[PDB]
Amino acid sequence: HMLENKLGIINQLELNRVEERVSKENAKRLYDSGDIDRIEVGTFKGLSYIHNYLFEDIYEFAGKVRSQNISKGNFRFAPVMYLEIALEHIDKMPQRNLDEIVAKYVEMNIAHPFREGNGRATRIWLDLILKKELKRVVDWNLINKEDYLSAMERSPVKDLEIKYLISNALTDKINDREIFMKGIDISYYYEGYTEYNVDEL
């Protein structure tokens, strides 16, 4: 049993691998065409664009505010009954420093506005806030998978674990294709996608 998709795939392994190829392919194009730099920074509109850009081919819900309730582990993400107003309040949150950018990122993860693909899209969106505001981007290879997922699970209660991780992984190489491309490979790895290397179209 799995997520409804456009391509009518009924095998979990099959969907995981094809989603990874169509979406990482899109992620490569997003960076290379410079479409990435024309996107609105720190807003839901910007996140929505990143999400639709990646999952347009495989998912009907790509870039849309979900109409269903979702959860991971023992945590329920922002209920549909107030998800939209909660998103309007995230758009207004300041992003003037790391403590603020991390707090805003933690709230956007709680909102979790999409049916699936929240993690990957919100990590691209965060890197552009850090790029704009601190002239820093994350080197996702410096953060261990287990450490990241554990910090995010804790983040609705105390964001110090994820703050320390982002802080110690920040790099000044803001226009480096390798830092981005590797970060995409590490981002997908966090979500359990390990078949492709983004380098290849």
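A residue's number is simply how far along the shown sequence it sits, counting from 1. We call the rigid core the largest set of C-alpha positions that still match within 1.5 Å between the two forms.
May I ask which stretch, 60-68 or 162-170, sits farther from the shown form in 4 other deposited structures of this protein once every structure is superposed on the core, judging by RMS CA distance? The more displaced stretch in 4 other deposited structures of this protein turns out to be 60-68.
Which stretch is less alike in 4 other deposited structures of this protein, 72-80 or 104-112, counting RMS CA distance after the rigid core is superposed? Larger mean C-alpha displacement, comparing 72-80 and 104-112 in 4 other deposited structures of this protein, is found in 72-80.
So, looking at the entry's B-factor column for Cα atoms, which has the higher mean, 39-47 or 167-175? Higher mean C-alpha B-factor in the PDB entry: 167-175.
Mean temperature factor over C-alpha atoms, higher-scoring stretch between 152-160 and 27-35: Looking at the record's C-alpha B-factors, the answer is 27-35.
Comparing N141 with the other modelled residues of its chain, is its CA B-factor in the lowest, middle or highest third? Ranked within chain, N141 CA B lands in the highest tercile.
Based on the entry's values, in what third of the chain does the Cα temperature factor of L54 lie: lowest, middle or highest? Answer is middle: the recorded C-alpha B-factor places it there.
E191: which third of its chain by C-alpha temperature factor? CA B-factor rank for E191: lowest third.
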